[PDB]
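Each remark here refers to the structure printed beneath this line.
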Amino acid sequence: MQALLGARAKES
Amino acid sequence: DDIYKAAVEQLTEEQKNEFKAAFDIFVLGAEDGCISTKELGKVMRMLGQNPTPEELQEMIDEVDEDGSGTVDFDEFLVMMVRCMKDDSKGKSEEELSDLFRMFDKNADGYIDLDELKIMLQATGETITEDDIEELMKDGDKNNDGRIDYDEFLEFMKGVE
Amino acid sequence: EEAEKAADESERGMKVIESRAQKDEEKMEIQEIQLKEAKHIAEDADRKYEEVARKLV
Amino acid sequence: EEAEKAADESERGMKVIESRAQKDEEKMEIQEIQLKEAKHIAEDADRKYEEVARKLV
């Protein structure tokens with residue numbers, strides 16, 4: 001996910 | 001179902017609004033107001049892709065518990081959101097066996113009702129005898145009112 | 001004149017291709033929708049097979 | 001330049017839609033072959049259904 005999304009994953 | 005509600009007890013809803021934003025970015029790809037088989041195809045080959053077809057046909061036919069029969073919009077959303085990993089403690093074999101001891105307090109490998117009832121009553125939360133009806137259907141896979149352990153396992157494996 | 005013939009051939013081509021692309025796009029979607037159905041028939045064909053084969057078992 | 005550009009732009013139009021026709025053509029062939037196979041699977045599964053349905057009998 002993060003590999004495909006970036007920094008939009010911060011509260012979780 | 002219930003799991004949905006607990007996880008939303010974690011965080012709040014404004015989040016969901018910005019999700020909806022992300023999705024206006026995504027929501028291209030419903031053939032039927034649902035995101036079904038052809039939609040799986042469409043939004044996934046959006047990048048030339050589709051899930052590991054076990055996942056895909058799984059969503060097509062199987063994970064339909066209700067008789068939805070298809071990947072709803074809800075079901076494609078289900079895969080795409082169950083992405084980020086957060087489940088707790090999924091309790092299982094060695095747990096469930098040491099548990100099964102007092103579950104099958106009988107010391108027999110075949111639980112009776114009220115040991116489980118005691119555990120239920122002493123968990124820390126709510127025992128619907130609806131759910132007890134569930135559990136008799138489930139736990140005793142034999143459903144003989146007395147449960148060999150693995151029955152209770154799959155009845156209790158993999159959950160918080 | 002040749003550039004206009006070319007305009008017509010590249011434009012006709014574009015239109016022939018758009019027509020072909022559309023025929024192929026429809027065949028793509030038709031075969032894709034029908035593939036999903038053919039797959040669902042295979043699932044159903046295998047499903048009915050399993051119901052009867054399971055009865056056989 | 002306008003005629004040639006019409007040809008060049010329509011040719012680029014065509015290249016994109018020809019590439020699209022090619023992508024759609026390849027995909028419809030893929031989906032068609034897959035349809036034929038999903039259908040052949042379904043037919044095979046239906047044949048198996050019948051093999052097992054008569055053997056069920």
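Quick note on naming: the chains in the structure tokens go A, B, ... in the order shown, residues restart at 1 in each chain, and ligands are numbered from 1 in order of appearance.
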
I'm after chain D in the frame of chain C: fit it by least squares over all Cα atoms matched in order, and give me the output as an mmCIF file with N, CA and C atoms, in the first residue's frame.
data_model
loop_
_atom_site.group_PDB
_atom_site.id
_atom_site.type_symbol
_atom_site.label_atom_id
_atom_site.label_comp_id
_atom_site.auth_asym_id
_atom_site.auth_seq_id
_atom_site.Cartn_x
_atom_site.Cartn_y
_atom_site.Cartn_z
ATOM 1 N N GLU D 1 -2.075 21.134 -50.040
ATOM 2 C CA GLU D 1 -3.149 20.237 -50.373
ATOM 3 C C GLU D 1 -2.655 18.820 -50.210
ATOM 4 N N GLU D 2 -1.421 18.509 -50.600
ATOM 5 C CA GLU D 2 -0.930 17.146 -50.444
ATOM 6 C C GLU D 2 -0.786 16.751 -48.984
ATOM 7 N N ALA D 3 -0.292 17.664 -48.151
ATOM 8 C CA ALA D 3 -0.090 17.435 -46.730
ATOM 9 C C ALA D 3 -1.397 17.360 -46.000
ATOM 10 N N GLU D 4 -2.302 18.235 -46.382
ATOM 11 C CA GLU D 4 -3.596 18.300 -45.780
ATOM 12 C C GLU D 4 -4.376 17.124 -46.269
ATOM 13 N N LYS D 5 -4.186 16.738 -47.532
ATOM 14 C CA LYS D 5 -4.879 15.603 -48.084
ATOM 15 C C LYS D 5 -4.298 14.384 -47.435
ATOM 16 N N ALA D 6 -2.991 14.371 -47.177
ATOM 17 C CA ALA D 6 -2.438 13.230 -46.495
ATOM 18 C C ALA D 6 -3.086 13.154 -45.141
ATOM 19 N N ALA D 7 -3.272 14.305 -44.489
ATOM 20 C CA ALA D 7 -3.917 14.310 -43.201
ATOM 21 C C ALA D 7 -5.366 13.896 -43.300
ATOM 22 N N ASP D 8 -6.061 14.350 -44.338
ATOM 23 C CA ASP D 8 -7.485 14.125 -44.552
ATOM 24 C C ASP D 8 -7.751 12.685 -44.936
ATOM 25 N N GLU D 9 -6.902 12.137 -45.787
ATOM 26 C CA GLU D 9 -7.044 10.779 -46.225
ATOM 27 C C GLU D 9 -6.609 9.849 -45.126
ATOM 28 N N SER D 10 -5.535 10.197 -44.403
ATOM 29 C CA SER D 10 -5.096 9.377 -43.307
ATOM 30 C C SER D 10 -6.099 9.513 -42.201
ATOM 31 N N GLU D 11 -6.758 10.677 -42.088
ATOM 32 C CA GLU D 11 -7.782 10.862 -41.084
ATOM 33 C C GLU D 11 -8.971 10.006 -41.481
ATOM 34 N N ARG D 12 -9.344 9.950 -42.766
ATOM 35 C CA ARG D 12 -10.421 9.055 -43.187
ATOM 36 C C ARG D 12 -10.035 7.619 -42.989
ATOM 37 N N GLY D 13 -8.762 7.318 -43.212
ATOM 38 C CA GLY D 13 -8.239 5.995 -43.011
ATOM 39 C C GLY D 13 -8.502 5.690 -41.568
ATOM 40 N N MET D 14 -8.081 6.614 -40.699
ATOM 41 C CA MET D 14 -8.238 6.553 -39.271
ATOM 42 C C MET D 14 -9.704 6.458 -38.911
ATOM 43 N N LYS D 15 -10.596 7.207 -39.560
ATOM 44 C CA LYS D 15 -12.010 7.135 -39.217
ATOM 45 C C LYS D 15 -12.538 5.755 -39.460
ATOM 46 N N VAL D 16 -12.128 5.143 -40.558
ATOM 47 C CA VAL D 16 -12.577 3.805 -40.854
ATOM 48 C C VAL D 16 -11.971 2.816 -39.888
ATOM 49 N N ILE D 17 -10.672 2.912 -39.640
ATOM 50 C CA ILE D 17 -10.049 1.994 -38.714
ATOM 51 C C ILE D 17 -10.333 2.347 -37.266
ATOM 52 N N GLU D 18 -10.728 3.587 -36.981
ATOM 53 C CA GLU D 18 -11.128 3.987 -35.643
ATOM 54 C C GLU D 18 -12.500 3.474 -35.426
ATOM 55 N N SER D 19 -13.335 3.541 -36.465
ATOM 56 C CA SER D 19 -14.664 3.006 -36.398
ATOM 57 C C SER D 19 -14.488 1.521 -36.271
ATOM 58 N N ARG D 20 -13.498 0.955 -36.969
ATOM 59 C CA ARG D 20 -13.227 -0.452 -36.844
ATOM 60 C C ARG D 20 -12.732 -0.728 -35.454
ATOM 61 N N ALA D 21 -11.830 0.083 -34.917
ATOM 62 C CA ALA D 21 -11.375 -0.165 -33.581
ATOM 63 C C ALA D 21 -12.552 -0.110 -32.658
ATOM 64 N N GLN D 22 -13.484 0.816 -32.896
ATOM 65 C CA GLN D 22 -14.657 0.957 -32.066
ATOM 66 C C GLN D 22 -15.556 -0.252 -32.208
ATOM 67 N N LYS D 23 -15.696 -0.778 -33.408
ATOM 68 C CA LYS D 23 -16.533 -1.942 -33.624
ATOM 69 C C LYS D 23 -15.897 -3.160 -33.010
ATOM 70 N N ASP D 24 -14.580 -3.237 -33.120
ATOM 71 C CA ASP D 24 -13.791 -4.326 -32.622
ATOM 72 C C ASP D 24 -13.673 -4.181 -31.136
ATOM 73 N N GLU D 25 -13.623 -2.952 -30.654
ATOM 74 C CA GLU D 25 -13.548 -2.672 -29.240
ATOM 75 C C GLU D 25 -14.877 -3.037 -28.638
ATOM 76 N N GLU D 26 -15.969 -2.625 -29.267
ATOM 77 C CA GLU D 26 -17.249 -2.973 -28.720
ATOM 78 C C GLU D 26 -17.436 -4.446 -28.816
ATOM 79 N N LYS D 27 -17.050 -5.044 -29.932
ATOM 80 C CA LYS D 27 -17.234 -6.454 -30.033
ATOM 81 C C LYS D 27 -16.334 -7.179 -29.073
ATOM 82 N N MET D 28 -15.088 -6.748 -28.842
ATOM 83 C CA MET D 28 -14.257 -7.501 -27.927
ATOM 84 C C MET D 28 -14.786 -7.320 -26.534
ATOM 85 N N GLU D 29 -15.379 -6.162 -26.210
ATOM 86 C CA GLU D 29 -15.939 -5.979 -24.890
ATOM 87 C C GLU D 29 -17.137 -6.866 -24.754
ATOM 88 N N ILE D 30 -17.924 -6.965 -25.796
ATOM 89 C CA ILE D 30 -19.079 -7.814 -25.795
ATOM 90 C C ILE D 30 -18.673 -9.240 -25.657
ATOM 91 N N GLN D 31 -17.693 -9.657 -26.462
ATOM 92 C CA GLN D 31 -17.202 -11.013 -26.442
ATOM 93 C C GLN D 31 -16.495 -11.288 -25.145
ATOM 94 N N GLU D 32 -15.835 -10.281 -24.570
ATOM 95 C CA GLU D 32 -15.144 -10.430 -23.308
ATOM 96 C C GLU D 32 -16.133 -10.580 -22.200
ATOM 97 N N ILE D 33 -17.191 -9.783 -22.220
ATOM 98 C CA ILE D 33 -18.213 -9.867 -21.203
ATOM 99 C C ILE D 33 -18.915 -11.179 -21.357
ATOM 100 N N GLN D 34 -19.219 -11.552 -22.589
ATOM 101 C CA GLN D 34 -19.835 -12.813 -22.881
ATOM 102 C C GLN D 34 -18.901 -13.930 -22.529
ATOM 103 N N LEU D 35 -17.589 -13.747 -22.705
ATOM 104 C CA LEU D 35 -16.629 -14.759 -22.328
ATOM 105 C C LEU D 35 -16.627 -14.871 -20.868
ATOM 106 N N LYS D 36 -16.623 -13.743 -20.178
ATOM 107 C CA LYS D 36 -16.625 -13.795 -18.758
ATOM 108 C C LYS D 36 -17.858 -14.503 -18.336
ATOM 109 N N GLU D 37 -19.009 -14.211 -18.942
ATOM 110 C CA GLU D 37 -20.199 -14.913 -18.536
ATOM 111 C C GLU D 37 -20.222 -16.348 -18.983
ATOM 112 N N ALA D 38 -19.755 -16.664 -20.178
ATOM 113 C CA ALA D 38 -19.749 -18.043 -20.612
ATOM 114 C C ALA D 38 -18.828 -18.810 -19.710
ATOM 115 N N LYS D 39 -17.745 -18.166 -19.318
ATOM 116 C CA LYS D 39 -16.804 -18.742 -18.424
ATOM 117 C C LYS D 39 -17.405 -18.787 -17.043
ATOM 118 N N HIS D 40 -18.176 -17.775 -16.643
ATOM 119 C CA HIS D 40 -18.790 -17.747 -15.328
ATOM 120 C C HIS D 40 -19.859 -18.777 -15.300
ATOM 121 N N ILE D 41 -20.513 -19.001 -16.428
ATOM 122 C CA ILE D 41 -21.506 -20.032 -16.567
ATOM 123 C C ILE D 41 -20.792 -21.323 -16.456
ATOM 124 N N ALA D 42 -19.657 -21.450 -17.130
ATOM 125 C CA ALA D 42 -18.885 -22.657 -17.051
ATOM 126 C C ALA D 42 -18.390 -22.888 -15.657
ATOM 127 N N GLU D 43 -17.995 -21.822 -14.971
ATOM 128 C CA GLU D 43 -17.509 -21.896 -13.621
ATOM 129 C C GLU D 43 -18.647 -22.206 -12.718
ATOM 130 N N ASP D 44 -19.810 -21.641 -12.999
ATOM 131 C CA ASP D 44 -20.988 -21.853 -12.207
ATOM 132 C C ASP D 44 -21.444 -23.253 -12.439
ATOM 133 N N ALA D 45 -21.346 -23.713 -13.673
ATOM 134 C CA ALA D 45 -21.710 -25.049 -14.052
ATOM 135 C C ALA D 45 -20.705 -26.012 -13.458
ATOM 136 N N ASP D 46 -19.426 -25.609 -13.366
ATOM 137 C CA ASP D 46 -18.395 -26.401 -12.718
ATOM 138 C C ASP D 46 -18.632 -26.366 -11.216
ATOM 139 N N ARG D 47 -19.104 -25.234 -10.689
ATOM 140 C CA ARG D 47 -19.414 -25.174 -9.277
ATOM 141 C C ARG D 47 -20.582 -26.064 -9.035
ATOM 142 N N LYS D 48 -21.574 -26.038 -9.927
ATOM 143 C CA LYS D 48 -22.720 -26.890 -9.801
ATOM 144 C C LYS D 48 -22.296 -28.305 -9.963
ATOM 145 N N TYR D 49 -21.340 -28.577 -10.854
ATOM 146 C CA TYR D 49 -20.795 -29.904 -11.044
ATOM 147 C C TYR D 49 -20.283 -30.362 -9.733
ATOM 148 N N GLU D 50 -19.479 -29.540 -9.067
ATOM 149 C CA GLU D 50 -18.927 -29.896 -7.784
ATOM 150 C C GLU D 50 -19.989 -29.969 -6.707
ATOM 151 N N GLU D 51 -21.004 -29.109 -6.770
ATOM 152 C CA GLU D 51 -22.062 -29.159 -5.785
ATOM 153 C C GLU D 51 -22.787 -30.471 -5.950
ATOM 154 N N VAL D 52 -23.028 -30.846 -7.204
ATOM 155 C CA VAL D 52 -23.702 -32.101 -7.511
ATOM 156 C C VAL D 52 -22.769 -33.309 -7.431
ATOM 157 N N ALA D 53 -21.462 -33.086 -7.592
ATOM 158 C CA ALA D 53 -20.519 -34.176 -7.534
ATOM 159 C C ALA D 53 -20.318 -34.543 -6.080
ATOM 160 N N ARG D 54 -20.289 -33.539 -5.194
ATOM 161 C CA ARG D 54 -20.143 -33.849 -3.789
ATOM 162 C C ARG D 54 -21.493 -34.328 -3.321
ATOM 163 N N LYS D 55 -22.588 -33.768 -3.868
ATOM 164 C CA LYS D 55 -23.881 -34.243 -3.467
ATOM 165 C C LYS D 55 -24.102 -35.561 -4.133
ATOM 166 N N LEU D 56 -23.462 -35.837 -5.270
ATOM 167 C CA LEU D 56 -23.572 -37.150 -5.860
ATOM 168 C C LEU D 56 -22.981 -38.076 -4.871
ATOM 169 N N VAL D 57 -21.832 -37.748 -4.311
ATOM 170 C CA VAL D 57 -21.245 -38.603 -3.305
ATOM 171 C C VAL D 57 -22.165 -38.725 -2.104
#

### Contact set, chain A to chain B: 10 Å, only C-alpha atoms, as number ranges by chain
A: 1-2, 9, 11-12

Write out the residues from the selection above, keeping C-alpha atoms, as a PDB file, in the first residue's frame.
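Once everything was written out, this is result.pdb:
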ATOM      1  CA  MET A   1       0.000   0.000   0.000  1.00  0.00           C
ATOM      2  CA  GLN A   2       2.460   2.611   1.196  1.00  0.00           C
ATOM      3  CA  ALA A   9      -0.816   7.162   5.733  1.00  0.00           C
ATOM      4  CA  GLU A  11      -2.730   8.452  11.566  1.00  0.00           C
ATOM      5  CA  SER A  12      -2.514   4.771  10.635  1.00  0.00           C
TER       6      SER A  12
END

Chain B near chain C within 12 Å: what's each residue's closest atom pair and its distance in Å to one decimal, counting only C-alpha atoms, ordered by chain then ascending residue number, as CSV?
residue,atom,partner,partner_atom,distance
B:31,CA,C:33,CA,10.4
B:36,CA,C:36,CA,10.0
B:37,CA,C:36,CA,6.7
B:38,CA,C:33,CA,6.3
B:39,CA,C:33,CA,9.9
B:40,CA,C:36,CA,10.4
B:41,CA,C:32,CA,8.6
B:42,CA,C:32,CA,9.8
B:45,CA,C:32,CA,11.9
B:53,CA,C:39,CA,11.8
B:56,CA,C:36,CA,11.4
B:57,CA,C:43,CA,9.1
B:58,CA,C:43,CA,11.1
B:60,CA,C:40,CA,8.8
B:61,CA,C:43,CA,8.7
B:62,CA,C:43,CA,11.0
B:69,CA,C:40,CA,10.8
B:70,CA,C:40,CA,10.2

Dump N, CA and C atoms for the selected residues as a short mmCIF file (atom, residue, chain, number, x, y, z; two decimals), in the first residue's frame?
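Contents of part.cif, freshly written:
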data_model
loop_
_atom_site.label_atom_id
_atom_site.label_comp_id
_atom_site.auth_asym_id
_atom_site.auth_seq_id
_atom_site.Cartn_x
_atom_site.Cartn_y
_atom_site.Cartn_z
N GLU B 31 -20.03 -0.53 -12.96
CA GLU B 31 -20.88 -0.84 -14.10
C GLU B 31 -22.35 -0.82 -13.71
N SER B 36 -18.56 -4.74 -9.47
CA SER B 36 -18.68 -6.18 -9.64
C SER B 36 -17.60 -6.68 -10.58
N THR B 37 -17.79 -7.91 -11.06
CA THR B 37 -16.77 -8.62 -11.82
C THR B 37 -16.17 -7.74 -12.92
N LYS B 38 -17.02 -7.22 -13.81
CA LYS B 38 -16.49 -6.35 -14.85
C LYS B 38 -15.89 -5.09 -14.26
N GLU B 39 -16.39 -4.61 -13.13
CA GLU B 39 -15.80 -3.42 -12.52
C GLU B 39 -14.45 -3.74 -11.90
N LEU B 40 -14.35 -4.88 -11.20
CA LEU B 40 -13.04 -5.36 -10.79
C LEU B 40 -12.10 -5.27 -11.97
N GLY B 41 -12.49 -5.90 -13.08
CA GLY B 41 -11.72 -5.78 -14.30
C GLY B 41 -11.39 -4.35 -14.66
N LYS B 42 -12.40 -3.47 -14.68
CA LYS B 42 -12.20 -2.13 -15.22
C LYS B 42 -11.27 -1.31 -14.34
N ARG B 45 -7.66 -3.08 -14.35
CA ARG B 45 -6.87 -2.84 -15.54
C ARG B 45 -6.76 -1.35 -15.84
N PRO B 53 -6.35 -13.96 -8.88
CA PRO B 53 -7.73 -14.31 -9.22
C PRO B 53 -8.42 -15.14 -8.17
N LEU B 56 -10.06 -12.58 -6.68
CA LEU B 56 -11.04 -11.94 -7.54
C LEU B 56 -12.33 -12.75 -7.62
N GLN B 57 -12.25 -14.00 -8.10
CA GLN B 57 -13.45 -14.83 -8.15
C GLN B 57 -13.97 -15.12 -6.76
N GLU B 58 -13.09 -15.20 -5.76
CA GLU B 58 -13.52 -15.20 -4.38
C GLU B 58 -14.53 -14.10 -4.13
N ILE B 60 -16.12 -12.53 -6.37
CA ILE B 60 -17.22 -12.69 -7.31
C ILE B 60 -18.34 -13.50 -6.68
N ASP B 61 -18.03 -14.72 -6.27
CA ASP B 61 -19.05 -15.65 -5.83
C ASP B 61 -19.10 -15.81 -4.31
N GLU B 62 -17.95 -15.99 -3.68
CA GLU B 62 -17.88 -16.66 -2.39
C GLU B 62 -18.19 -15.72 -1.23
N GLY B 69 -24.34 -12.55 -4.25
CA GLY B 69 -23.96 -13.26 -5.45
C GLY B 69 -22.77 -12.71 -6.19
N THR B 70 -22.48 -11.42 -6.06
CA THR B 70 -21.46 -10.75 -6.85
C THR B 70 -20.54 -9.95 -5.95
#

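Counting from atom CA of residue B:88, the distance to atom CA of residue B:4 is 13.9 Å.
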
### Task
Find the residues around stretch 115-131 of chain B up to 8 Å (only C-alpha atoms counted), leave out those fewer than 4 positions away in its own chain, and share them as a ChimeraX atom specification.
/B:102-105,111,135

### Query
Quick one, how far is atom CA of residue B:30 from atom CA of residue B:9?
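Computing the Euclidean distance for atom CA of residue B:30 and atom CA of residue B:9 yields 28.7 Å.
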
### Query
So what do you get for atom CA of residue B:20 versus atom CA of residue B:72, distance-wise?
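For atom CA of residue B:20 relative to atom CA of residue B:72, the distance reads 17.4 Å.
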
### Task
Apply DSSP to the structure's backbone, then extract all residues of chain A labelled helix (DSSP H, G or I) and return them as number ranges by chain.
A: 2-5
